[PDB]
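Read through the structure below, which is laid out as structure tokens, and then see the notes.
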Amino acid sequence: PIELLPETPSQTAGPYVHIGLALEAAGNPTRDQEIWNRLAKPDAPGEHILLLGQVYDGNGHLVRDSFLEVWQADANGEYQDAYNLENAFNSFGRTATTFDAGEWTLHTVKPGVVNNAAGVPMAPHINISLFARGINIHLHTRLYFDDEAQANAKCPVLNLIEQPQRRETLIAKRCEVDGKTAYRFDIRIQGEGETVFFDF
Amino acid sequence: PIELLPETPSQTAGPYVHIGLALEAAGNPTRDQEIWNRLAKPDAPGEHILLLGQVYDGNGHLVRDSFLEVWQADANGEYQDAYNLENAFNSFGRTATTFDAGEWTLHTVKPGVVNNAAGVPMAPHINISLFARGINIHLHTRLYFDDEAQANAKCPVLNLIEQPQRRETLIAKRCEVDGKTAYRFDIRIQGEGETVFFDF
Amino acid sequence: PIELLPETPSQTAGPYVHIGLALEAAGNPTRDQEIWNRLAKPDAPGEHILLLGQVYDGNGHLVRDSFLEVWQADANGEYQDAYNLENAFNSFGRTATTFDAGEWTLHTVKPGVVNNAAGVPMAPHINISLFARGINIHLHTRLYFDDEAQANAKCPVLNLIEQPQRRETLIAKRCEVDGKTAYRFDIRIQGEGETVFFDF
Amino acid sequence: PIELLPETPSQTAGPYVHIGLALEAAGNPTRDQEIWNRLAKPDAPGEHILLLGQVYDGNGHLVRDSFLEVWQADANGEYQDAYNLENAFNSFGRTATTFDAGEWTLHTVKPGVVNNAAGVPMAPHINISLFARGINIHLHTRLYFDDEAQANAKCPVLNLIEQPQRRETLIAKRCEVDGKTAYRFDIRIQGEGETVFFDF
Amino acid sequence: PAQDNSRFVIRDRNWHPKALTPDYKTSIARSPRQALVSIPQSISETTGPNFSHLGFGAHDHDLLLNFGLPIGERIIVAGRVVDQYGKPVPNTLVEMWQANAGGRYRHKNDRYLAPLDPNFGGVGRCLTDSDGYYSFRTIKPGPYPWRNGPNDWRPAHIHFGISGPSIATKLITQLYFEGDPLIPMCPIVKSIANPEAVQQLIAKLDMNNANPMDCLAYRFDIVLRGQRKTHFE
Amino acid sequence: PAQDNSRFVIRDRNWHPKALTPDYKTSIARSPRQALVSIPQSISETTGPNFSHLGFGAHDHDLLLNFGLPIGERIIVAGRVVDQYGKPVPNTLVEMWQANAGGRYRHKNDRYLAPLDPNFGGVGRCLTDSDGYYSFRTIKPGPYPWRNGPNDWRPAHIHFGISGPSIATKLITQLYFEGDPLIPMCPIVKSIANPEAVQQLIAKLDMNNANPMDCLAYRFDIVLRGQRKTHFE
Amino acid sequence: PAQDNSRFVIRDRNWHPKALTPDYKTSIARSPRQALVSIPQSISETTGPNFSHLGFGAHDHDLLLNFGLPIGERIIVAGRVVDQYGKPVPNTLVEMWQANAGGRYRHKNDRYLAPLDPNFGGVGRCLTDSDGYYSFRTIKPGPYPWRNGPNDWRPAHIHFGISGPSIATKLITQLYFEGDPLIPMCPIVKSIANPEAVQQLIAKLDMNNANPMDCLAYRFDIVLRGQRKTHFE
Ligand SMILES: O=C(O)c1ccc(O)c(F)c1
Ligand SMILES: O=C(O)c1ccc(O)c(F)c1
Ligand SMILES: O=C(O)c1ccc(O)c(F)c1
Ligand SMILES: O=C(O)c1ccc(O)c(F)c1
Ligand SMILES: O=C(O)c1ccc(O)c(F)c1
Ligand SMILES: O=C(O)c1ccc(O)c(F)c1
Ligand SMILES: O=C(O)c1ccc(O)c(F)c1
Ligand SMILES: [Fe+3]
Ligand SMILES: [Fe+3]
Ligand SMILES: [Fe+3]
Ligand SMILES: [Fe+3]
């Protein structure tokens, strides 16, 4: 068969990932420009929301050194790749869990619907990548909204999951924070309620 | 790098460990002097206690062929290495589980405090080594006392265990037997409440 | 480590280099355009000087078949790489020693100061490459002027020569020829007064 | 044939030898006890002398980073090996050349006569070991005194040198410094008047 | 906005380290017990951020000046980012972080007794040029002990993060230094079951790129998932 | 004028032949006894002439016409001039000289009894094209005796001179021909201590470049010192 | 006083580097042109200083404490001094010196641009115990550029000086570190013709001797000339 150059092997981000990718968190001075957890500026079109959650290990213990990267469509279901701080909205972001609370937070807007390659619409979702010490290669998941049941019901992606029970591991539970619309998304790396992780 | 002679590889003790190291248990005549489960003679200084426990496999079933070795300081937090049946107290002992009930017992005294290499005090503890069929290489653990919460909180060893909940696994539960001070220490080899095992 | 493709190995120019690089010298008809020993036309800005010298082997005997190539800045301390016979001044030239007298000659202008990579000025100098049979790889040197004692004293390159005595091997001796300003530069390949040669 | 373990190969002492063996010279603070150039306390028996010299390279240039070690008998022709700063006389000493002047000095006494393995007396001499950058493996020499001609004429060691002319190189020339008896011994590593170096 | 015009060669998950590599203790509780769910590639997966307009400081990639001078061996870390087809990945984001010469990290949680270097931060970022070239100027980090086995030491290494053209290409890895005897002993390194794979993580001493009398240089090329056009979809 | 924008990979002095190589008699007295002084690259060393504007004659590179037809094996000597990074060196000066078919040189000092060739000069020059290619048309030189040892013969060879981008790259070498049994016996060849280096000077027969029923062809590529941009200087 | 009761096995001058090793430029002018004169061993040659009574400071062998803490890789350098017969050399003087983590020496003459370390001197001394054992605590020195060829770098090394039982056994050497890629390129290292001899200069990582969570360790044994009694003289 034809074989290409092999892809550089992945390695854990390690415990000090912060110093490299979450300056504030490492408790180090940041630079002028930093990619962080505020994807939407107040005057950004769409329904601003607050995402938050914790990460659990196989023992049900909090992962306080986790690092997450998110990728989403704007409100029009469009991906903004030209990352710029000036931007009212950026499709990409980064967040980490508190060494204490162990919670990550993101400030953005609910993404519009985009279709798959086949042209079939996918329910609004947020692509997430999890990094941390003990994770040799990063985990891929997607966040869905509990208030989008109809759409979710018909997601070409969510339908790929054999067992329905597992699908629910993907739905964020809508709540309110300081009278603001929030959605809680807890990731269980292993065991009971293990979150669906994807390969693509 | 520099390489030394490799250590002789361990092998399981097997089901018949008793013939070699727990004569009575094997149901065989014993020799004149035997290393057993009574570390303290009646007139030994310190608080005389009874230690008891059960061993659990990963299915929650009693491991009835376990063999245990203990090493602890005397009441002054002193390690008595010159082993002798004449002694009032021996720092070393041996115990095993009953084929019936599946409980082991030790008659000793509450050990005194010993400092770590760095000069920091360690909470009162008993060093345990667990052997049995199914165990390729013996398991090392420590028995701490629930009535030493203050000391426990500051144990440089207990503090090395990342998850607070795992520490609980090392704490023996004070009770009474025939009006004698007893501590129960159950070992869970695998699963829910798995006892912490050390490497050193 | 990383290894690039190896440089093509040098070989001696041999005794007949003239046929290739100094047609006149070989006693052969020359081409329309030739690279010779007149770097400057009379109407060239700067102090017009005559350079001359002899080359000596390790026995103190004249090397009558040497081939020299020179590279120098114009009077402004500027390197004129665009070689053209139309030019008033060319930074590059070639000369060779007479089979008789064993002396080479060059017609140029005194080069102006140039700064090293660190911004420090170098004393006026002429970069010389020497070729001949018996010389496997060409020898690199520099010609400085006796009348630039002040500059020479502070040349960063000259100052790299550990032994002050060896620095003097690089200084041309000012003289006059037909009432013209000339400098004599004798190269001693080996032995007593051996000319400093460089590697760069 | 029988082969023993190979001896660890020598390497140049390098230009910073001072740092490890000639503390003052490095321009660094010294320790309480240092091995240096004063073999004899003023109250030591024998004829106190001042030794000095320069070290020349093959070009006739001073070697300003040389390091030397000496070994000599006391005034009675006795080797005092128990080195102690308390002793009036030590058989062993160290010196180095000034980075400026390029001269070394030793404060000792003139050695008494010692016999060779054959019971034959050798002329009074000082054993010298020279180290320096560019010197891969230390050069061994002997310093003899011009005022001991008779003895010198019959030395079994000096007599081993084929050419009488080379014997001369080993003879220190008596002089006076501040009305003090001094002997000057210059070392020529290479070339005209190259000093005899031994192998043993 | 972005468009779904490419497809990315599927990842070879036997090349990369597996999730569960027990010698690396932490992997035990932090690795899934269920199989990953494979899903077709869509716009969600085949696009990613383009950091072309990020505002980079002048010393962003110069660890010697971005935090006097750090103590430690001055080296240039340079190389190229290419895809599996051998195509350069221009204008991509490369972020690195490491410990100092002593193996000490400038992080709260780092309690190793080697001291911090007052002139050393340990973070750099560089966007590859049009030829997929990147470069950093730093100091060779020191190995450091870690609570794994009773005497585990990380080989000297620089942590790396590369964006690539999509979230499908994003990668985090570690760079190791040629000849370091600790490499073969590290349980993290050993999470990679193919020796051949491990070699891809070893930076080669590059004398050609060194600055004489100043600093040495190491070459570290990175390969991301090959990107191809869709066909007969 | 010329600009100090480049650095050139340091020459490997153990790859090139040494100065003192006794079997090559002339080298004894014509080799320095002091070590070469290493100097940092400056504008002086990193620049050199550009011969783009030199007025080359129409048959400068054709030895069959540039001096009747010469007697001898009609050959084409072509190749490419590249640096150690594999980068073509466009518009560079390639100069060659050789003896005739009989090993006779058209030079005063040549007393060999092999006669001169009425139609042969033995000098050529060519400026590399945009891709670093050059070509000459000549006749294969004959070997010839020389006063070295009592029965020394140089293998057939062409003397070559290549300017390159700067005086630091300038080189003089000799092309030898594939299979010449005289190769391994030559004291000049052998001034080069690594046999692998020797291989580099051997032109390969190239039937793909020959003109059927006219002339054969040989291929000789030349590698000049790698040129890099200064960095962190 | 000392007594002539011993003979030392003759040095193998083809094992040790020769005096003239041209690649190491300074050796050119600093090597004799005349052959060494061999002489029989006498009391002059077979005795030497005994440093048993030198008053050593408490931290003479601890470079971490003898000059805050130095920046760099904390290592213990330990080993044994034996003679060629494999007999330990007790109570012998081992002196060492080296650069800091950045390849800079605390010496007037060292002009290298890497900064000095305020907490590091770089000098150590230790007297072997009854089993010929020695140990030093320090930081792994960095490589450093030096004026040889235009781009020479000394591999990281620690200079060593050993007395032994006589002036006949006295030796100065350099310890190198396992796996360092600079080793095979160093002209000083290459002064040693036998690759086997080179190996003897390489300290091996010694995980067994390391202090977990503190410092690594290297093992370097030293073999001095074999000492035997006189016989039938
Ligand atoms: O503890 C870990 O998982 C750990 C420690 C140090 C590293 O450099 C790393 F990548 C991981
Ligand atoms: O059942 C077992 O595990 C078993 C039986 C016999 C042995 O000798 C042994 F080592 C193990
Ligand atoms: O005599 C010489 O040195 C000599 C002769 C012929 C050659 O081709 C050459 F390269 C050298
Ligand atoms: O210049 C030298 O000779 C030199 C420099 C540094 C060293 O470490 C050394 F051993 C020699
Ligand atoms: O990779 C493995 O070893 C692996 C993966 C999933 C499982 O559920 C498991 F038990 C093992
Ligand atoms: O290359 C050599 O062998 C060489 C170079 C310079 C000298 O002075 C010498 F003696 C030998
Ligand atoms: O070892 C050598 O190469 C060596 C020694 C002495 C000499 O005079 C010489 F020319 C060479
Ligand atoms: Fe790390
Ligand atoms: Fe059995
Ligand atoms: Fe020729
Ligand atoms: Fe050194």
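Residue numbering for chain F follows Swiss-Prot, covering 2-68, 72-237 in order.
The backbone N, Cα and C atoms fix where each Cβ goes, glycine too.
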Hey, Swiss-Prot has Fe cation bound by F:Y148, F:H161, F:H163. Any idea which of F:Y109, F:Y137, F:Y222 it lists too?
-> F:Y109
For F:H161 (Fe cation binding site), the number of neighbouring Cβ atoms whose distance to its own Cβ is within 10 Å equals 27
Out of these binding-site residues, F:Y109, F:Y148, which one has the fewest other C-beta atoms within 10 Å of its own C-beta?
-> F:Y148
Check F:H161 (Fe cation binding site) against DSSP and tell me helix, strand or coil, would you?
-> strand
Reduced to three states, what secondary structure does DSSP give F:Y109 (Fe cation binding site)?
-> coil
